[PDB]
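Engineer: Could you have a look at this structure, given as structure tokens, before my questions?
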Ligand SMILES: NCCCC(=O)NC[C@H]1O[C@@H](n2c(C#CCOC[C@H]3O[C@@H](n4cnc5c(N)ncnc54)[C@H](O)[C@@H]3O)nc3c(N)ncnc32)[C@H](O)[C@@H]1O
Ligand SMILES: NCCCC(=O)NC[C@H]1O[C@@H](n2c(C#CCOC[C@H]3O[C@@H](n4cnc5c(N)ncnc54)[C@H](O)[C@@H]3O)nc3c(N)ncnc32)[C@H](O)[C@@H]1O
Ligand SMILES: NCCCC(=O)NC[C@H]1O[C@@H](n2c(C#CCOC[C@H]3O[C@@H](n4cnc5c(N)ncnc54)[C@H](O)[C@@H]3O)nc3c(N)ncnc32)[C@H](O)[C@@H]1O
Ligand SMILES: NCCCC(=O)NC[C@H]1O[C@@H](n2c(C#CCOC[C@H]3O[C@@H](n4cnc5c(N)ncnc54)[C@H](O)[C@@H]3O)nc3c(N)ncnc32)[C@H](O)[C@@H]1O
């Protein structure tokens, strides 16, 4: 098939990429970075996120594979020593695909833009105080005051979400999880505190109270949005597809990354 | 239909029950506490849990309704002032049922018993230290040392689970959530810390390391089990069914109970 | 004595200030905003923090008093209805002073500046990733990766510190407390997690690892510092002095602000 | 001087004890377990706590030393390889003592008993629900509902207190810290949530609301108390004294135990 390989750009990753390209040259595999059907990421989870956003317009036609040249990643879960076995198995086909849910972010302005997240989307204030009204399925839920909010995909729950006290969710669950960043709670100000897990088709809307300018992040990309009227979150209808060649369960990846290896 | 009414047993609940029984007497409704098809709980969430465990062998043939005579409950979400409208609508039928997931607990002994939970099942030690091996789908995940563990249903996540730092999950998600009670973490002892959310068909097994005696709770019922070899958790194939007469969304119940009313 | 009155600037506060100024005019009290000995703050805790930083060069010669025109404050703990009794008692003297500890922040640059904090001093990164080496009394303690760090005074522990999970400390304890903002913890990255409480004369030093640019806040003031080589924290030798006219214990203020009133 | 040596009772500890006893036999050191002036603990922190409670009536006349034969302890902070250097230095004297604060627990009954804690004192319910009124210096602070409460010494803050989310406090601070175990917080029930740090002479009183029977722990000792009317906590006037032969700072012990070694 058509394939491409992205690299972290250091010496170890660039040369693994060149060696894998040489290995694919012994098969009916064409290097095409415009319309690939297999995207291999060599580096870390940051490199894998760049590869996902590089091709997020052809998610249904692409299967992703991640190789970690440093520590084990949650998306880059193949070792460099197995690049050869991977080259061959990818060329011989007969691999099954696995799909993870994604998060859709919609930003409406005053006087509309959509984004997909593989890890999470976060909202923070432009330096000053952060006050937003949280509306769930058109129902006003809370007035949040604090540092910000984070909405995570299932596979994203082991990332920022985990540091904010969120639960780890198996990626077979089509859901999104909202966590607070340093919420103020006293006699007059009140939030739920606990993380919130939302199913498919639930819409969470963040609406400004005073300042209309927010710092909005989608995975690694952080931008200042101005004249924002609403930020809408829902589980995407789209999915990211991985190529799977053997059993590496999610809970084993969790164990290997946080407990022991 | 056949119906029964359980009461908290205080003066307000007993007399609401007698008044509702009188109202049902004007319809084709027979009081039958052996094989009811409608079970009305009058009291609090504790009363509702007793009604659920009183009839957990006929869950598929029963629709539950809860009336709160004290504060608003998450299961007893009808006010006493609407008992009359409720009597009439229940008798005229034409109500839709909603279903919440349940948790199955299996306790195997040395030399097997199953339970259903509507809120959660918890495990603690018989006074001494609590050490269990946590195995997820036959994979050893962690050795837990601490006060205990709690496995919650979705509707249970606003109860003990919430106090232990777990996420609140919409009850349309068929899942279970595991939370830690005061886990020890140092150079030699290590747990994940974060709550864990498991989908249908995942099996979480707790296996003793030293002491084989544990205090096992299922909702309100707490018993000392001896010679335990394994405690198995999975989302039940069974569901509890509620009678619904108007829209009272889960996130609104969450708002009304924890934020404001 | 010489006194001055600062105001939040809204209608209620400005006119309470004018009425109190008229009341002081019936005593041997001179309005002097250059070298006052009594500083009265009318507004909220934000107004009181501005009054403290407005006169932090004469802390030993000033006793502070806060009046809250909105909700009860932890520093502005007098009601507007008692302004008259306060005018008279302040003029008749015979009040005792109470003193709270302060936090000294030192920022050293490449190729030195000091600040006092009444609530806390926080450090965040200039948008990118935040990595600092944490050194306690010249001993390398941890490499922190996350959103930032917060060092709180005792009276500051009910503010940002509380939202970050820190303990509430009685202000008679001469200490400072360090809390983490969303620290990453996995197989390769490790922090203590727990808040840390330091006694007098302990020095906590934050030293950059990669980026040398940080957003440093002292109470309400947040500035971007560039070419930073070190941020040093220690309990200040200076203290803020309050004028006390009756018993309003710290734990009662805590109760009134977070539990009920 | 007079000395004694307690042992964990395993093979490694018993024989280290016998070898140290032989080494002391070459000096003017008499083994006396009735009125020792030096108490050496060989084992873990549990062994050291037993040695402390074994001699808590002569705390002012005893200096403690802990040797860890397993992992590093916070009280047993000497390695077995340095037993010989320790034998000699203890016999030659010229060591300085360091003192850590202690926690006094008073249990009053219906129709009085005092305890000292080196780590903490905890209160839990006799199986049923735990409801106590929390009174600070005769002021009603909160009605606690949950699993229990823990009051920790400074050196105890790295133990149970840490697992409950409490702050780590340097042992030079004469204080005690109260942490909650799984408190319920909703519309009707309310606690502070945050850990609370109390100075010397502050008295925290726990008073029953319904059930008068509680499980009260002092360090490792857990007993069921009946007809309890009050549990009082305050920083003890007594102190535990350690023998110090070189610099091993508390924050380094924290680093070595929780971060890396
Ligand atoms: N030597 C670099 C040090 C800097 C570094 O923190 N780098 C990111 C770290 O995260 C891990 N990671 C990523 C990633 C990534 C790429 O950065 C962007 C993501 O930063 C996360 N992020 C941001 N601020 C965070 C915080 N305060 N705490 C925790 N994560 C935070 C967000 O979620 C972004 O989306 N995805 C997952 C995942 N799916 N599962 C578990 N681990 C994951 C990476 O292997 C790396 O260890
Ligand atoms: N005046 C009585 C004071 C005593 C009282 O705590 N009573 C239970 C409280 O819980 C609420 N509750 C229940 C219930 C119940 C019946 O008790 C058994 C349940 O105790 C929970 N439980 C046990 N220990 C807990 C703890 N430490 N913290 C929080 N909950 C805890 C477990 O989960 C049991 O299954 N279910 C839910 C729910 N689905 N959603 C939100 N709130 C819920 C009740 O209205 C009541 O406010
Ligand atoms: N309607 C305004 C909404 C905006 C507002 O959050 N305003 C500050 C709030 O705090 C209270 N406050 C202050 C203050 C202040 C003045 O702002 C600067 C302080 O913001 C704190 N701050 C910053 N980010 C925070 C966060 N994420 N969570 C909690 N606090 C946070 C820091 O600590 C600064 O130093 N000091 C204390 C105190 N000593 N004890 C208890 N409560 C305190 C104020 O009465 C007000 O409710
Ligand atoms: N292989 C045994 C496994 C069993 C074991 O947990 N054992 C106790 C563990 O603690 C450490 N420890 C002790 C101790 C002890 C002696 O037990 C009594 C103490 O258990 C603590 N304890 C009770 N339940 C706890 C919980 N859920 N989480 C954390 N600690 C808990 C209380 O605080 C008692 O007072 N003191 C300190 C200290 N000063 N600093 C840091 N670490 C400390 C010990 O080296 C050992 O690793």
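Engineer: Can you work out which of the residues in the range C:179-216 that are assigned to a strand (DSSP E or B) and at the interface with chain D (Cβ under 9 Å from one of its Cβ atoms) is farthest from residue A:74 (Cα to Cα)?
Structural biologist: Only one residue fits best here, namely C:199.
Engineer: Looking at C:155, C:99, C:172, C:194, which one is touching a helix residue (DSSP H, G or I) at 6+ places or on another chain (Cβ under 7 Å) and more than 16 Å from ligand 1 (Cβ to nearest atom)?
Structural biologist: It is C:194.
Engineer: Enumerate the pairs (first residue in the range D:174-190 and under 17 Å from residue D:148 (Cα atoms); second residue anywhere and more than 16 Å from ligand 4 (Cβ to nearest atom) and in a strand (DSSP E or B)) with beta-carbon separation below 6 Å, excluding pairs fewer than 6 apart on the same chain, so at least 6 apart or on different chains.
Structural biologist: Cβ pairs passing all conditions: D:176/D:198; D:176/D:235; D:177/D:197; D:178/D:196; D:184/D:145; D:189/D:145.
Engineer: Which one is nearest to the other protein chains (Cβ to nearest Cβ) among residues in the range C:217-233 that are in a loop (DSSP other than H, G, I, E, B) and over 20 Å from the mean Cα position of the chain (by Cα)?
Structural biologist: Just the residues of the range C:217-233 that are in a loop (DSSP other than H, G, I, E, B), to begin with: C:219-220, C:226-227.
In the following step, the residues that additionally are over 20 Å from the mean Cα position of the chain (by Cα) were identified as C:226-227.
Working: C:226: 16, C:227: 21 Å.
Among them, the one singled out is C:226.
Engineer: OK, next. Given the criterion buried (at least 20 other Cβ atoms within 10 Å of the Cβ), touching a strand residue (DSSP E or B) at 6+ places or on another chain (Cβ under 9 Å) and not assigned by CATH to the domain that holds residue B:48, identify the matching residue among B:223, B:231. Can you show your working first?
Structural biologist: Details: B:223 fails: buried (at least 20 other Cβ atoms within 10 Å of the Cβ).
Unique residue meeting the criteria: B:231.
Engineer: Within the range A:125-147, how many residues are within 14 Å of chain B (Cβ to nearest Cβ) and not in a loop (DSSP other than H, G, I, E, B)? Even if it seems obvious, please write down each step before you answer.
Structural biologist: If we filter the range A:125-147 for residues that are within 14 Å of chain B (Cβ to nearest Cβ), which is where we start, we get A:133-145.
Subset that is not in a loop (DSSP other than H, G, I, E, B): A:133-136, A:139-145.
Number of matching residues: 11.
Engineer: With respect to the numbered conditions (1) over 28 Å from residue C:188 (Cβ atoms); (2) more than 11 Å from ligand 3 (Cβ to nearest atom); (3) touching a helix residue (DSSP H, G or I) at 6+ places or on another chain (Cβ under 9 Å), which one is the sole condition not fulfilled by residue A:127?
Structural biologist: Status for residue A:127: all satisfied but (3).
Engineer: Can you find a residue that is outside the structural domain of residue D:214 (by CATH) and more than 14 Å from ligand 4 (Cβ to nearest atom) anywhere in the range D:68-78?
Structural biologist: Yes, the range D:68-78 contains at least one residue that is outside the structural domain of residue D:214 (by CATH) and more than 14 Å from ligand 4 (Cβ to nearest atom).
Engineer: If you scan the range B:141-150, which residues turn out to be farther than 18 Å from residue A:166 by Cβ and either within 13 Å of ligand 2 (Cβ to nearest atom) or out of contact with any helix residue (DSSP H, G or I) (no Cβ under 8 Å at 6 or more places or on another chain) (or both)?
Structural biologist: Matches in the range B:141-150: B:143, B:144, B:145, B:147, B:148, B:149.
Engineer: Ok, one more. Could you please let me know if residue A:173 is assigned to a loop (DSSP other than H, G, I, E, B), within 16 Å of ligand 2 (Cβ to nearest atom) and crowded, with 16+ Cβ neighbours inside 10 Å?
Structural biologist: no
Engineer: Can you tell me how many residues within the range D:1-53 are farther than 29 Å from residue D:160 by Cα and in a loop (DSSP other than H, G, I, E, B)?
Structural biologist: Adding up the residues that qualify gives 12.
Engineer: Considering only residues that are touching a strand residue (DSSP E or B) at 6+ places or on another chain (Cβ under 6 Å) and away from ligand 3 (no atom under 12 Å from the Cβ), look in the range C:56-68 and name the one that is nearest to the other protein chains (Cβ to nearest Cβ). Break it down into steps so the answer makes sense when it comes.
Structural biologist: Initial filter on the range C:56-68 (touching a strand residue (DSSP E or B) at 6+ places or on another chain (Cβ under 6 Å)): C:56, C:59, C:62-67.
Okay, now just the ones that are also away from ligand 3 (no atom under 12 Å from the Cβ), so C:56, C:59, C:62-65, C:67.
Values: C:56: 23, C:59: 22, C:62: 25, C:63: 22, C:64: 22, C:65: 22, C:67: 18 Å.
Across the range C:56-68, the extreme among qualifying residues is C:67.
Engineer: Follow-up. Answer with yes or no whether residue C:166 is closer than 30 Å to residue D:202 by Cα, away from ligand 4 (no atom under 16 Å from the Cβ) and part of a loop (DSSP other than H, G, I, E, B).
Structural biologist: yes
Engineer: Across the range C:112-155, which residue is farthest from the chain's Cα centre (by Cα) among those that are under 23 Å from residue C:57 (Cβ atoms) and surrounded by fewer than 18 Cβ atoms within 10 Å (Cβ to Cβ)?
Structural biologist: Here the residue is C:112.
Engineer: Can you find, within the range A:234-245, the residue that is farthest from the other protein chains (Cβ to nearest Cβ) among those that are farther than 30 Å from residue A:205 by Cβ and touching a helix residue (DSSP H, G or I) at 6+ places or on another chain (Cβ under 9 Å)?
Structural biologist: Among residues in the range A:234-245 that are farther than 30 Å from residue A:205 by Cβ and touching a helix residue (DSSP H, G or I) at 6+ places or on another chain (Cβ under 9 Å), the one farthest from the other protein chains (Cβ to nearest Cβ) is A:243.
Engineer: Among the residues of the range A:85-102, is there at least one that is buried (at least 23 other Cβ atoms within 10 Å of the Cβ) and either within 19 Å of residue A:222 (Cα to Cα) or within 16 Å of ligand 4 (Cβ to nearest atom) (or both)?
Structural biologist: Within the range A:85-102 (the criterion being buried (at least 23 other Cβ atoms within 10 Å of the Cβ) and either within 19 Å of residue A:222 (Cα to Cα) or within 16 Å of ligand 4 (Cβ to nearest atom) (or both)), the answer is yes, since at least one residue qualifies.
Engineer: Let me ask another. From D:172, D:163, grab the single residue that is within 23 Å of residue B:193 (Cα to Cα) and within 12 Å of chain C (Cβ to nearest Cβ).
Structural biologist: When all the criteria are applied, what remains is D:163.
Engineer: Sticking with this one: Among the residues of the range D:109-124, write down those that are part of a loop (DSSP other than H, G, I, E, B) and within 13 Å of ligand 4 (Cβ to nearest atom).
Structural biologist: If the condition is that a residue be part of a loop (DSSP other than H, G, I, E, B) and within 13 Å of ligand 4 (Cβ to nearest atom), then D:118, D:119 are the ones that fit.
Here Cβ is always computed from backbone atoms with ideal geometry, including for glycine, and neighbour counts include all displayed protein chains. Numbers and lists here come from the model and the stated rules, or from a named source; no laboratory read-out is quoted.
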